[PDB]
>>> print(open('my_file_6.cif').read())   # mmCIF, C-alpha atoms
data_input
loop_
_atom_site.label_atom_id
_atom_site.label_comp_id
_atom_site.auth_asym_id
_atom_site.auth_seq_id
_atom_site.Cartn_x
_atom_site.Cartn_y
_atom_site.Cartn_z
CA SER A 1 78.74 68.85 87.59
CA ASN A 2 80.41 71.86 89.26
CA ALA A 3 83.23 69.60 90.45
CA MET A 4 84.58 69.02 86.95
CA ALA A 5 83.91 72.64 85.98
CA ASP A 6 85.46 74.03 89.19
CA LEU A 7 88.49 71.84 88.61
CA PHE A 8 88.89 73.00 85.02
CA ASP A 9 88.68 76.63 86.10
CA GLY A 10 91.43 76.24 88.67
CA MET A 11 93.66 74.46 86.22
CA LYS A 12 93.18 77.25 83.72
CA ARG A 13 93.89 79.85 86.39
CA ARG A 14 97.10 78.09 87.48
CA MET A 15 98.11 77.43 83.86
CA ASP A 16 98.06 81.11 83.00
CA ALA A 17 99.85 82.16 86.12
CA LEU A 18 102.68 79.83 85.19
CA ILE A 19 102.99 81.14 81.65
CA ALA A 20 103.09 84.67 83.01
CA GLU A 21 105.71 83.67 85.57
CA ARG A 22 107.92 82.06 82.95
CA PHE A 23 107.58 84.47 80.03
CA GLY A 24 105.91 87.56 81.47
CA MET A 25 107.51 90.99 81.09
CA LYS A 26 107.01 94.01 83.34
CA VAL A 27 105.50 96.77 81.30
CA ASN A 28 103.80 100.12 81.74
CA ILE A 29 100.42 100.67 80.07
CA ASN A 30 98.80 104.08 80.36
CA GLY A 31 100.54 104.77 83.65
CA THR A 32 99.99 101.34 85.22
CA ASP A 33 102.64 98.66 85.57
CA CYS A 34 101.59 95.14 84.57
CA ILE A 35 102.69 91.80 83.13
CA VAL A 36 102.53 90.99 79.48
CA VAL A 37 103.72 88.06 77.40
CA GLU A 38 105.01 88.34 73.83
CA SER A 39 102.82 86.51 71.33
CA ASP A 40 105.90 84.74 70.05
CA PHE A 41 105.67 82.45 73.09
CA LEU A 42 101.97 81.66 72.62
CA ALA A 43 101.02 81.70 68.92
CA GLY A 52 104.18 96.00 64.95
CA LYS A 53 104.78 94.12 68.22
CA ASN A 54 102.02 91.88 69.63
CA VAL A 55 101.39 90.92 73.28
CA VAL A 56 98.68 89.59 75.55
CA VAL A 57 98.02 91.17 78.97
CA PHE A 58 98.01 88.86 81.98
CA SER A 59 97.63 91.23 84.93
CA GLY A 60 94.02 91.80 85.97
CA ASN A 61 94.59 95.34 87.20
CA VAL A 62 94.61 97.10 83.81
CA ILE A 63 92.14 97.70 80.97
CA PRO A 64 94.20 98.58 77.88
CA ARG A 65 92.77 100.90 75.21
CA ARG A 66 93.44 101.95 71.64
CA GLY A 67 95.51 105.11 72.06
CA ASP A 68 97.33 104.10 75.28
CA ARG A 69 101.06 104.54 75.32
CA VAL A 70 102.90 101.41 76.34
CA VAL A 71 106.48 101.46 77.58
CA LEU A 72 108.06 98.13 76.73
CA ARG A 73 111.72 97.27 77.00
CA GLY A 74 112.62 100.95 77.11
CA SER A 75 110.64 101.94 74.03
CA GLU A 76 107.29 103.67 73.68
CA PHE A 77 104.45 102.15 71.70
CA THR A 78 100.83 102.87 70.94
CA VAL A 79 98.07 100.29 71.15
CA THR A 80 96.64 100.40 67.64
CA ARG A 81 94.20 97.49 68.05
CA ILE A 82 92.86 95.09 70.66
CA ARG A 83 91.82 91.46 70.17
CA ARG A 84 91.03 88.63 72.52
CA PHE A 85 93.17 85.68 73.40
CA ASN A 86 91.28 83.28 75.63
CA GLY A 87 89.60 86.32 77.11
CA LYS A 88 92.79 88.33 77.55
CA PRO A 89 93.65 91.58 75.84
CA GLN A 90 95.90 90.97 72.88
CA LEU A 91 97.45 94.33 71.99
CA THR A 92 98.94 95.42 68.68
CA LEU A 93 101.64 97.98 69.42
CA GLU A 94 103.32 100.48 67.12
CA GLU A 95 106.58 102.38 67.76
CA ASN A 96 106.43 106.11 68.46
CA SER B 1 108.76 77.96 75.42
CA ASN B 2 105.99 77.39 72.86
CA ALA B 3 105.85 73.72 73.86
CA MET B 4 104.44 74.45 77.29
CA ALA B 5 102.22 77.22 75.91
CA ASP B 6 101.00 75.08 72.97
CA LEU B 7 100.23 72.28 75.40
CA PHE B 8 98.28 74.56 77.72
CA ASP B 9 96.24 75.89 74.81
CA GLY B 10 95.24 72.42 73.65
CA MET B 11 94.28 71.39 77.15
CA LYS B 12 92.10 74.46 77.48
CA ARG B 13 90.52 73.79 74.10
CA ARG B 14 89.75 70.16 75.01
CA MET B 15 88.60 71.14 78.50
CA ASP B 16 85.93 73.45 77.15
CA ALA B 17 84.76 71.04 74.53
CA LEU B 18 84.13 68.50 77.26
CA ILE B 19 82.16 70.88 79.44
CA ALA B 20 80.04 71.80 76.43
CA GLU B 21 79.53 68.13 75.60
CA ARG B 22 78.44 67.29 79.13
CA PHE B 23 76.31 70.31 80.04
CA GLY B 24 75.75 72.16 76.77
CA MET B 25 72.22 72.98 75.59
CA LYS B 26 71.10 73.55 72.01
CA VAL B 27 69.77 77.05 71.74
CA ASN B 28 68.80 79.60 69.12
CA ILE B 29 70.35 83.08 69.31
CA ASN B 30 69.25 85.68 66.79
CA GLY B 31 68.40 83.03 64.23
CA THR B 32 71.49 80.86 64.73
CA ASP B 33 71.55 77.56 66.58
CA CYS B 34 74.40 77.09 69.05
CA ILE B 35 75.53 75.50 72.31
CA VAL B 36 75.28 77.22 75.62
CA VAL B 37 75.91 76.13 79.20
CA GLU B 38 73.94 77.36 82.21
CA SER B 39 76.07 79.32 84.66
CA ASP B 40 74.81 77.07 87.42
CA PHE B 41 77.27 74.43 86.20
CA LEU B 42 80.25 76.80 86.09
CA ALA B 43 79.97 79.50 88.78
CA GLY B 52 67.12 86.56 84.86
CA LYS B 53 68.80 83.44 83.44
CA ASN B 54 72.58 83.43 82.86
CA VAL B 55 74.57 81.37 80.32
CA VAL B 56 77.92 81.30 78.56
CA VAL B 57 78.16 80.64 74.81
CA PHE B 58 80.48 77.85 73.69
CA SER B 59 79.88 77.64 69.93
CA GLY B 60 82.26 79.80 67.89
CA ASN B 61 79.78 80.47 65.11
CA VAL B 62 77.73 83.19 66.84
CA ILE B 63 78.34 86.71 68.16
CA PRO B 64 75.54 87.46 70.65
CA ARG B 65 74.30 91.03 71.14
CA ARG B 66 72.23 93.05 73.57
CA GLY B 67 68.77 92.98 72.02
CA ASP B 68 68.99 89.48 70.46
CA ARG B 69 66.11 87.16 71.12
CA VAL B 70 67.20 83.81 72.48
CA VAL B 71 64.99 80.74 72.36
CA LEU B 72 65.93 78.51 75.27
CA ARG B 73 64.04 75.46 76.44
CA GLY B 74 60.96 76.60 74.55
CA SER B 75 60.90 80.12 75.96
CA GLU B 76 61.96 83.42 74.45
CA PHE B 77 64.47 85.69 76.17
CA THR B 78 66.31 88.90 75.47
CA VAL B 79 70.02 89.39 76.03
CA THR B 80 70.06 92.34 78.41
CA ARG B 81 73.82 92.33 79.08
CA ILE B 82 77.02 90.62 77.99
CA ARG B 83 80.07 89.82 80.11
CA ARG B 84 83.12 87.67 79.61
CA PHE B 85 83.84 84.28 81.07
CA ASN B 86 87.34 83.16 80.14
CA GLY B 87 86.82 84.96 76.87
CA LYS B 88 83.35 83.56 76.20
CA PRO B 89 80.14 85.51 75.98
CA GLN B 90 78.25 85.32 79.24
CA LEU B 91 74.69 86.42 78.49
CA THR B 92 72.08 87.77 80.90
CA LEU B 93 68.67 86.79 79.57
CA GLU B 94 65.24 88.15 80.45
CA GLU B 95 61.85 86.52 79.70
CA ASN B 96 59.61 88.08 77.05
CA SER C 1 111.61 74.07 87.05
CA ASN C 2 109.75 72.73 90.11
CA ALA C 3 106.91 75.16 89.42
CA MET C 4 105.83 73.39 86.25
CA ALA C 5 106.48 69.98 87.80
CA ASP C 6 104.67 70.86 91.06
CA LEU C 7 101.74 72.14 89.03
CA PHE C 8 101.56 68.98 86.93
CA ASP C 9 101.61 66.83 90.05
CA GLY C 10 98.70 68.67 91.62
CA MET C 11 96.69 68.47 88.45
CA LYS C 12 97.27 64.74 88.28
CA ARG C 13 96.31 64.37 91.93
CA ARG C 14 93.08 66.34 91.45
CA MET C 15 92.35 64.57 88.15
CA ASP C 16 92.36 61.16 89.78
CA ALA C 17 90.33 62.25 92.75
CA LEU C 18 87.63 63.41 90.37
CA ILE C 19 87.54 60.17 88.41
CA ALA C 20 87.26 58.26 91.67
CA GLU C 21 84.49 60.58 92.85
CA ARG C 22 82.51 60.15 89.65
CA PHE C 23 82.99 56.45 88.91
CA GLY C 24 84.48 54.98 92.08
CA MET C 25 82.83 52.02 93.82
CA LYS C 26 83.10 51.09 97.49
CA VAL C 27 84.68 47.70 97.73
CA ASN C 28 86.26 45.40 100.29
CA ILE C 29 89.74 44.01 99.57
CA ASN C 30 91.25 41.57 102.03
CA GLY C 31 89.26 43.05 104.90
CA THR C 32 89.79 46.71 104.02
CA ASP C 33 87.19 48.97 102.44
CA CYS C 34 88.38 51.11 99.53
CA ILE C 35 87.47 52.79 96.25
CA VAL C 36 87.91 51.14 92.92
CA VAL C 37 86.94 52.10 89.38
CA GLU C 38 85.89 49.62 86.69
CA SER C 39 88.30 49.53 83.76
CA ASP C 40 85.35 50.05 81.44
CA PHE C 41 85.43 53.74 82.40
CA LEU C 42 89.17 54.15 81.79
CA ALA C 43 90.38 51.83 79.01
CA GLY C 52 87.15 38.11 84.63
CA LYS C 53 86.37 41.61 85.96
CA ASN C 54 89.08 44.31 85.85
CA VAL C 55 89.48 47.35 88.13
CA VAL C 56 92.06 49.87 89.26
CA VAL C 57 92.43 50.80 92.94
CA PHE C 58 92.29 54.48 93.84
CA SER C 59 92.40 54.48 97.65
CA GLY C 60 95.92 54.77 99.06
CA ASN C 61 95.18 52.77 102.19
CA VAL C 62 95.36 49.27 100.65
CA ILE C 63 98.00 47.10 98.99
CA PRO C 64 96.14 44.42 96.99
CA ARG C 65 97.70 40.98 96.47
CA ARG C 66 97.25 37.92 94.30
CA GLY C 67 95.08 35.66 96.46
CA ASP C 68 93.07 38.42 98.21
CA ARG C 69 89.33 38.00 98.25
CA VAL C 70 87.50 41.04 96.96
CA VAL C 71 83.84 41.69 97.70
CA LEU C 72 82.41 43.71 94.85
CA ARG C 73 78.76 44.47 94.27
CA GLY C 74 77.77 41.65 96.59
CA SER C 75 79.94 39.00 94.96
CA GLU C 76 83.25 37.51 96.00
CA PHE C 77 86.26 37.52 93.70
CA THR C 78 89.91 36.58 93.81
CA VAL C 79 92.71 38.79 92.56
CA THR C 80 94.38 36.54 90.00
CA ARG C 81 96.85 39.13 88.67
CA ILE C 82 98.06 42.67 89.29
CA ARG C 83 99.23 45.22 86.72
CA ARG C 84 99.92 48.91 86.83
CA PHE C 85 97.79 51.72 85.52
CA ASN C 86 99.58 55.03 85.88
CA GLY C 87 101.08 53.63 89.05
CA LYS C 88 97.82 52.25 90.44
CA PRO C 89 97.00 48.63 91.08
CA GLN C 90 94.98 47.20 88.23
CA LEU C 91 93.42 43.98 89.53
CA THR C 92 92.13 41.02 87.54
CA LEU C 93 89.33 39.43 89.52
CA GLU C 94 87.75 36.00 89.18
CA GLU C 95 84.40 34.84 90.64
CA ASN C 96 84.42 32.36 93.53
CA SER D 1 82.30 58.62 81.18
CA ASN D 2 85.25 57.53 79.02
CA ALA D 3 85.41 61.02 77.52
CA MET D 4 86.56 62.63 80.75
CA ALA D 5 88.81 59.66 81.55
CA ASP D 6 90.27 59.53 78.02
CA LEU D 7 90.94 63.25 78.21
CA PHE D 8 92.68 62.97 81.57
CA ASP D 9 94.87 60.16 80.28
CA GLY D 10 96.04 62.17 77.29
CA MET D 11 96.78 65.18 79.42
CA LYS D 12 98.85 63.05 81.76
CA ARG D 13 100.68 61.50 78.82
CA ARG D 14 101.47 64.92 77.31
CA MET D 15 102.35 66.36 80.72
CA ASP D 16 105.05 63.78 81.31
CA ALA D 17 106.47 64.05 77.84
CA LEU D 18 106.96 67.76 78.42
CA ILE D 19 108.72 67.31 81.74
CA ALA D 20 111.02 64.76 80.12
CA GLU D 21 111.67 67.12 77.22
CA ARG D 22 112.54 70.01 79.51
CA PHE D 23 114.52 68.28 82.26
CA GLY D 24 115.26 64.80 80.91
CA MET D 25 118.85 63.51 80.75
CA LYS D 26 120.20 60.85 78.40
CA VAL D 27 121.46 57.99 80.47
CA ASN D 28 122.54 54.38 80.10
CA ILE D 29 120.90 51.75 82.30
CA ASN D 30 122.11 48.17 82.06
CA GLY D 31 123.21 48.66 78.46
CA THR D 32 120.14 50.59 77.28
CA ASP D 33 120.04 54.32 76.65
CA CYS D 34 117.03 56.17 78.08
CA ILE D 35 115.71 59.41 79.55
CA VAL D 36 115.69 60.14 83.21
CA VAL D 37 114.83 63.22 85.27
CA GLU D 38 116.56 64.19 88.51
CA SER D 39 114.22 64.13 91.50
CA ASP D 40 115.34 67.65 92.32
CA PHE D 41 113.04 68.89 89.55
CA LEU D 42 110.01 66.89 90.74
CA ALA D 43 110.04 66.47 94.54
CA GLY D 52 122.95 58.83 96.80
CA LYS D 53 121.46 60.34 93.63
CA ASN D 54 117.73 59.89 92.90
CA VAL D 55 115.97 59.86 89.51
CA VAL D 56 112.75 58.73 87.87
CA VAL D 57 112.79 56.90 84.52
CA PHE D 58 110.63 58.31 81.74
CA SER D 59 111.49 56.14 78.73
CA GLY D 60 109.21 53.13 78.33
CA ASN D 61 111.86 50.93 76.75
CA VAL D 62 113.71 49.94 79.94
CA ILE D 63 112.93 48.00 83.12
CA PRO D 64 115.53 49.04 85.73
CA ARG D 65 116.64 46.59 88.42
CA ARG D 66 118.48 46.59 91.72
CA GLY D 67 122.05 45.76 90.71
CA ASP D 68 122.02 47.50 87.30
CA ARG D 69 124.91 49.80 86.56
CA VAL D 70 123.80 53.24 85.45
CA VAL D 71 126.09 55.61 83.60
CA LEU D 72 125.01 59.15 84.39
CA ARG D 73 126.88 62.31 83.53
CA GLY D 74 130.06 60.31 82.99
CA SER D 75 129.93 58.45 86.29
CA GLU D 76 128.90 54.90 87.11
CA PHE D 77 126.22 54.14 89.68
CA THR D 78 124.36 51.15 91.02
CA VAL D 79 120.61 51.03 91.50
CA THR D 80 120.33 50.22 95.20
CA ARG D 81 116.54 50.55 95.45
CA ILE D 82 113.46 51.13 93.31
CA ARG D 83 110.29 53.00 94.24
CA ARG D 84 107.34 54.29 92.29
CA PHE D 85 106.60 57.83 91.26
CA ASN D 86 103.21 58.04 89.59
CA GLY D 87 103.91 54.60 88.21
CA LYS D 88 107.44 55.36 87.06
CA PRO D 89 110.62 53.78 88.34
CA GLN D 90 112.28 56.02 90.88
CA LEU D 91 115.86 54.78 91.23
CA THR D 92 118.25 55.29 94.13
CA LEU D 93 121.77 55.31 92.72
CA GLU D 94 125.10 54.88 94.50
CA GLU D 95 128.57 55.77 93.14
CA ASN D 96 130.95 52.95 92.20
#
>>> encode(input="my_file_6.cif", output="C-alpha cells")
Amino acid sequence: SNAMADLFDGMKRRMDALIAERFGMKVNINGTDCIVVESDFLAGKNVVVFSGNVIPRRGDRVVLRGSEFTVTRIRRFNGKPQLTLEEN
Amino acid sequence: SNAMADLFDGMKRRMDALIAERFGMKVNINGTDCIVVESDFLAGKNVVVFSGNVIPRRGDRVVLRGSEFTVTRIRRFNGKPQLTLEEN
Amino acid sequence: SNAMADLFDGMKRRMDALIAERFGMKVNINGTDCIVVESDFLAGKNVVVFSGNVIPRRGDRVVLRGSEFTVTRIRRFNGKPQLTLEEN
Amino acid sequence: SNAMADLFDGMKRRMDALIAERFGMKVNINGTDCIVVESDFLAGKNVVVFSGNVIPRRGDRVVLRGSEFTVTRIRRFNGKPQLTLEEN
C-alpha cells in the first residue's frame, strides 16, 4: 500500500536531487536564482528546472552562462518545467 | 552523465507502472477509458491519472466505480494529472 | 562519488526491508526467531533469510509454518543466506 | 508479488553495473582480469569485486595499479567479495 508508494516517492525525490547536484547549473530566471540541468544530460537551448522556488514563464529572461535568453516555450519533463530558450 | 540519468528515468518509468498495476482502477474520463490511482494510496474524491492516452480537463465527467463525477480542479503529482472530483 | 553510492546503498536497504515486510514469514532457526521469504516470491523448500541477527548453518533445524526442517545447503542471494530445507 | 521483487532485482543489478562503470578499476586477481571498486567510493587497501567471473581467495596475488598485493581477508558487501589487500 502506502509503504511501496511512499518508498517510491522518496527514491524519486532523492534521485532528482542527485542529478541536480551532479549536473545542475546556477541560473537566473526572471530575477530569481535557481538550478537547471541541460537537456543534453537527460534526453535554441533546452533545460529543465529543478529548484522548487521558481515558476518560469514564456517571456521571462534567463541569464545562463553569462548570456541572456528568452523562454519561448514550456513543456513538462516528469513534472518539471522544460524551457526552450532563445538568445537575445 | 546520461548513463545515470537514463537509468533514473527507466526506474521512474517502471516504478509508476508498478503502482498503477497494483492500485490502478479502470475509469472513464470524458469518453476515454484509462487507469487512475486513488490518492489514498500515494499521499470530493482525489485521484492521479496514470494512462498517457488522456488529457483530463475541468468540466469532464468521470465515471468511477459506477458513479459520475466532475473534475473541479487539476493539480500535478510528479507530472501527472491529479484530479479533484465532485459527485453529480 | 560517494553520493551516488550512498544513495544506492540506502535504496537497496529500503528495498529489502519492504520485501521482507510484504512477504516475510516469522520462523525459528536454531533457536532464534527471524524473518524469511519464500523463494517463490523472488526467483525441498527454499528461502532467503532477511533478519541480520542469525547465521544459519547446514544442520540447523528450522521450524517453519509448524513443521520442522533441516538446512541441507546454503547459497547466496544478493548476499543473503538462501537455505535449502528438508522435512524431518 | 514477483513483480515488485523482479523489479527490485533489476534495479539492484543495474545499480551495481553503473557503480562499476563509473568507479571500477581493471585488476588482475590470481591470473584473471576483473573489475574492482575501491571501498573509498562505497563506505592495507580495501576493494569489492564486481565482475562475476572470479572467486577471490585468501592467498591470491592481486595486481592493482602496477603493484602486487595479497588478499589477507575476505568479507561480504551486499553479497560481493570485499578483499583486504596487503603490499608484497
>>> resolve_selection(input="my_file_6.cif", expression="the PyMOL selection byres ((chain D) within 12 of (chain C))", output="number ranges by chain")
D: 1-20, 22-24, 37-43, 83-90
>>> write_last_selection(input="my_file_6.cif", atoms="C-alpha atoms", output="PDB file, keeping the file's coordinate frame")
ATOM      1  CA  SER D   1      82.300  58.620  81.180  1.00  0.00           C
ATOM      2  CA  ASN D   2      85.250  57.530  79.020  1.00  0.00           C
ATOM      3  CA  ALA D   3      85.410  61.020  77.520  1.00  0.00           C
ATOM      4  CA  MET D   4      86.560  62.630  80.750  1.00  0.00           C
ATOM      5  CA  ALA D   5      88.810  59.660  81.550  1.00  0.00           C
ATOM      6  CA  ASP D   6      90.270  59.530  78.020  1.00  0.00           C
ATOM      7  CA  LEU D   7      90.940  63.250  78.210  1.00  0.00           C
ATOM      8  CA  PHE D   8      92.680  62.970  81.570  1.00  0.00           C
ATOM      9  CA  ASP D   9      94.870  60.160  80.280  1.00  0.00           C
ATOM     10  CA  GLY D  10      96.040  62.170  77.290  1.00  0.00           C
ATOM     11  CA  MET D  11      96.780  65.180  79.420  1.00  0.00           C
ATOM     12  CA  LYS D  12      98.850  63.050  81.760  1.00  0.00           C
ATOM     13  CA  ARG D  13     100.680  61.500  78.820  1.00  0.00           C
ATOM     14  CA  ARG D  14     101.470  64.920  77.310  1.00  0.00           C
ATOM     15  CA  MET D  15     102.350  66.360  80.720  1.00  0.00           C
ATOM     16  CA  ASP D  16     105.050  63.780  81.310  1.00  0.00           C
ATOM     17  CA  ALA D  17     106.470  64.050  77.840  1.00  0.00           C
ATOM     18  CA  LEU D  18     106.960  67.760  78.420  1.00  0.00           C
ATOM     19  CA  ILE D  19     108.720  67.310  81.740  1.00  0.00           C
ATOM     20  CA  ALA D  20     111.020  64.760  80.120  1.00  0.00           C
ATOM     21  CA  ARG D  22     112.540  70.010  79.510  1.00  0.00           C
ATOM     22  CA  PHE D  23     114.520  68.280  82.260  1.00  0.00           C
ATOM     23  CA  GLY D  24     115.260  64.800  80.910  1.00  0.00           C
ATOM     24  CA  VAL D  37     114.830  63.220  85.270  1.00  0.00           C
ATOM     25  CA  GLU D  38     116.560  64.190  88.510  1.00  0.00           C
ATOM     26  CA  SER D  39     114.220  64.130  91.500  1.00  0.00           C
ATOM     27  CA  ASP D  40     115.340  67.650  92.320  1.00  0.00           C
ATOM     28  CA  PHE D  41     113.040  68.890  89.550  1.00  0.00           C
ATOM     29  CA  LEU D  42     110.010  66.890  90.740  1.00  0.00           C
ATOM     30  CA  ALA D  43     110.040  66.470  94.540  1.00  0.00           C
ATOM     31  CA  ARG D  83     110.290  53.000  94.240  1.00  0.00           C
ATOM     32  CA  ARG D  84     107.340  54.290  92.290  1.00  0.00           C
ATOM     33  CA  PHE D  85     106.600  57.830  91.260  1.00  0.00           C
ATOM     34  CA  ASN D  86     103.210  58.040  89.590  1.00  0.00           C
ATOM     35  CA  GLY D  87     103.910  54.600  88.210  1.00  0.00           C
ATOM     36  CA  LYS D  88     107.440  55.360  87.060  1.00  0.00           C
ATOM     37  CA  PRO D  89     110.620  53.780  88.340  1.00  0.00           C
ATOM     38  CA  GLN D  90     112.280  56.020  90.880  1.00  0.00           C
TER      39      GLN D  90
END
>>> calpha_fit_and_write(input="my_file_6.cif", fixed="chain A", moving="chain C", output="JSON list (two decimals) with C-alpha atoms, keeping the file's coordinate frame")
[["chain", "number", "residue", "atom", "x", "y", "z"],
["C", 1, "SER", "CA", 78.74, 68.85, 87.59],
["C", 2, "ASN", "CA", 80.41, 71.86, 89.27],
["C", 3, "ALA", "CA", 83.23, 69.60, 90.45],
["C", 4, "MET", "CA", 84.58, 69.03, 86.95],
["C", 5, "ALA", "CA", 83.90, 72.64, 85.98],
["C", 6, "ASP", "CA", 85.46, 74.04, 89.19],
["C", 7, "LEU", "CA", 88.49, 71.84, 88.62],
["C", 8, "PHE", "CA", 88.89, 73.00, 85.02],
["C", 9, "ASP", "CA", 88.68, 76.62, 86.10],
["C", 10, "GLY", "CA", 91.43, 76.24, 88.67],
["C", 11, "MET", "CA", 93.66, 74.46, 86.22],
["C", 12, "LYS", "CA", 93.18, 77.25, 83.72],
["C", 13, "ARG", "CA", 93.89, 79.85, 86.39],
["C", 14, "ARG", "CA", 97.10, 78.09, 87.48],
["C", 15, "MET", "CA", 98.10, 77.43, 83.86],
["C", 16, "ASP", "CA", 98.06, 81.11, 82.99],
["C", 17, "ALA", "CA", 99.85, 82.16, 86.12],
["C", 18, "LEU", "CA", 102.68, 79.83, 85.19],
["C", 19, "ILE", "CA", 102.99, 81.14, 81.64],
["C", 20, "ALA", "CA", 103.09, 84.67, 83.00],
["C", 21, "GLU", "CA", 105.71, 83.67, 85.57],
["C", 22, "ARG", "CA", 107.92, 82.05, 82.95],
["C", 23, "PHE", "CA", 107.58, 84.47, 80.03],
["C", 24, "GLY", "CA", 105.91, 87.56, 81.47],
["C", 25, "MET", "CA", 107.51, 91.00, 81.09],
["C", 26, "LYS", "CA", 107.01, 94.01, 83.34],
["C", 27, "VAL", "CA", 105.50, 96.76, 81.30],
["C", 28, "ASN", "CA", 103.80, 100.12, 81.74],
["C", 29, "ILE", "CA", 100.41, 100.67, 80.07],
["C", 30, "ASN", "CA", 98.80, 104.07, 80.35],
["C", 31, "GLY", "CA", 100.54, 104.76, 83.65],
["C", 32, "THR", "CA", 99.99, 101.34, 85.21],
["C", 33, "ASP", "CA", 102.63, 98.66, 85.58],
["C", 34, "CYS", "CA", 101.60, 95.14, 84.57],
["C", 35, "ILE", "CA", 102.69, 91.80, 83.13],
["C", 36, "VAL", "CA", 102.53, 91.00, 79.48],
["C", 37, "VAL", "CA", 103.72, 88.06, 77.40],
["C", 38, "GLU", "CA", 105.01, 88.34, 73.83],
["C", 39, "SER", "CA", 102.82, 86.52, 71.33],
["C", 40, "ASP", "CA", 105.91, 84.73, 70.05],
["C", 41, "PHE", "CA", 105.67, 82.45, 73.10],
["C", 42, "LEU", "CA", 101.97, 81.66, 72.62],
["C", 43, "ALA", "CA", 101.02, 81.70, 68.93],
["C", 52, "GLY", "CA", 104.18, 96.00, 64.95],
["C", 53, "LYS", "CA", 104.78, 94.12, 68.22],
["C", 54, "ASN", "CA", 102.02, 91.88, 69.63],
["C", 55, "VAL", "CA", 101.39, 90.92, 73.28],
["C", 56, "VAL", "CA", 98.67, 89.60, 75.55],
["C", 57, "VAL", "CA", 98.03, 91.16, 78.97],
["C", 58, "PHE", "CA", 98.01, 88.86, 81.98],
["C", 59, "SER", "CA", 97.64, 91.24, 84.93],
["C", 60, "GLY", "CA", 94.02, 91.80, 85.97],
["C", 61, "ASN", "CA", 94.59, 95.34, 87.20],
["C", 62, "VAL", "CA", 94.60, 97.10, 83.80],
["C", 63, "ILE", "CA", 92.14, 97.69, 80.97],
["C", 64, "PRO", "CA", 94.20, 98.58, 77.87],
["C", 65, "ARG", "CA", 92.77, 100.90, 75.21],
["C", 66, "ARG", "CA", 93.44, 101.94, 71.64],
["C", 67, "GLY", "CA", 95.51, 105.11, 72.06],
["C", 68, "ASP", "CA", 97.32, 104.10, 75.29],
["C", 69, "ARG", "CA", 101.06, 104.54, 75.32],
["C", 70, "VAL", "CA", 102.90, 101.41, 76.34],
["C", 71, "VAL", "CA", 106.48, 101.46, 77.58],
["C", 72, "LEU", "CA", 108.06, 98.13, 76.72],
["C", 73, "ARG", "CA", 111.72, 97.27, 77.00],
["C", 74, "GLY", "CA", 112.62, 100.94, 77.11],
["C", 75, "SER", "CA", 110.63, 101.94, 74.04],
["C", 76, "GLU", "CA", 107.29, 103.67, 73.68],
["C", 77, "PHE", "CA", 104.45, 102.15, 71.69],
["C", 78, "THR", "CA", 100.83, 102.86, 70.94],
["C", 79, "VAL", "CA", 98.07, 100.29, 71.15],
["C", 80, "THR", "CA", 96.64, 100.40, 67.64],
["C", 81, "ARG", "CA", 94.20, 97.49, 68.05],
["C", 82, "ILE", "CA", 92.87, 95.09, 70.66],
["C", 83, "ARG", "CA", 91.82, 91.46, 70.17],
["C", 84, "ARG", "CA", 91.03, 88.64, 72.52],
["C", 85, "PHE", "CA", 93.18, 85.68, 73.40],
["C", 86, "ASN", "CA", 91.28, 83.27, 75.62],
["C", 87, "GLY", "CA", 89.60, 86.31, 77.11],
["C", 88, "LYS", "CA", 92.79, 88.34, 77.56],
["C", 89, "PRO", "CA", 93.65, 91.58, 75.85],
["C", 90, "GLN", "CA", 95.90, 90.97, 72.88],
["C", 91, "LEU", "CA", 97.44, 94.33, 71.99],
["C", 92, "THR", "CA", 98.94, 95.43, 68.68],
["C", 93, "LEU", "CA", 101.64, 97.97, 69.42],
["C", 94, "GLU", "CA", 103.32, 100.48, 67.12],
["C", 95, "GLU", "CA", 106.59, 102.38, 67.77],
["C", 96, "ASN", "CA", 106.43, 106.12, 68.46]]
>>> atom_distance(input="my_file_6.cif", atom1="atom CA of residue B:58", atom2="atom CA of residue A:34")
29.4 Å
>>> atom_distance(input="my_file_6.cif", atom1="atom CA of residue C:65", atom2="atom CA of residue C:92")
10.5 Å
>>> axis_aligned_box(input="my_file_6.cif", around="stretch 54-65 of chain C", padding_each_side="3 Å", output="lines of an AutoDock Vina configuration file")
center_x = 93.5
center_y = 47.9
center_z = 94.0
size_x = 14.9
size_y = 19.8
size_z = 22.3
>>> atom_distance(input="my_file_6.cif", atom1="atom CA of residue C:73", atom2="atom CA of residue C:94")
13.4 Å
>>> resolve_selection(input="my_file_6.cif", expression="the PyMOL selection byres ((chain A and resi 68-70) around 12)", output="PyMOL selection string")
chain A and resi 26-36+53-55+57+62-67+71-82+91-96
>>> decode(input="my_file_6.cif", residues="stretch 24-31 of chain B", atoms="N, CA and C atoms", output="PDB file, in the first residue's frame")
ATOM      1  N   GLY B  24      -4.025   0.704  -9.545  1.00  0.00           N
ATOM      2  CA  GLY B  24      -4.830   1.333 -10.576  1.00  0.00           C
ATOM      3  C   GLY B  24      -6.268   0.846 -10.723  1.00  0.00           C
ATOM      4  N   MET B  25      -7.159   1.769 -11.081  1.00  0.00           N
ATOM      5  CA  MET B  25      -8.565   1.466 -11.318  1.00  0.00           C
ATOM      6  C   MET B  25      -8.841   1.806 -12.766  1.00  0.00           C
ATOM      7  N   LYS B  26      -9.826   1.133 -13.354  1.00  0.00           N
ATOM      8  CA  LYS B  26     -10.211   1.384 -14.737  1.00  0.00           C
ATOM      9  C   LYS B  26     -11.315   2.420 -14.641  1.00  0.00           C
ATOM     10  N   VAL B  27     -11.146   3.515 -15.345  1.00  0.00           N
ATOM     11  CA  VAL B  27     -12.104   4.587 -15.212  1.00  0.00           C
ATOM     12  C   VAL B  27     -12.328   5.300 -16.534  1.00  0.00           C
ATOM     13  N   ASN B  28     -13.501   5.895 -16.704  1.00  0.00           N
ATOM     14  CA  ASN B  28     -13.793   6.589 -17.942  1.00  0.00           C
ATOM     15  C   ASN B  28     -13.789   8.091 -17.719  1.00  0.00           C
ATOM     16  N   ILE B  29     -12.933   8.790 -18.466  1.00  0.00           N
ATOM     17  CA  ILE B  29     -12.807  10.243 -18.389  1.00  0.00           C
ATOM     18  C   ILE B  29     -13.138  10.845 -19.740  1.00  0.00           C
ATOM     19  N   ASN B  30     -14.170  11.672 -19.769  1.00  0.00           N
ATOM     20  CA  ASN B  30     -14.625  12.295 -20.996  1.00  0.00           C
ATOM     21  C   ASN B  30     -14.675  11.344 -22.191  1.00  0.00           C
ATOM     22  N   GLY B  31     -15.239  10.164 -21.988  1.00  0.00           N
ATOM     23  CA  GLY B  31     -15.361   9.222 -23.086  1.00  0.00           C
ATOM     24  C   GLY B  31     -14.197   8.288 -23.334  1.00  0.00           C
TER      25      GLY B  31
END
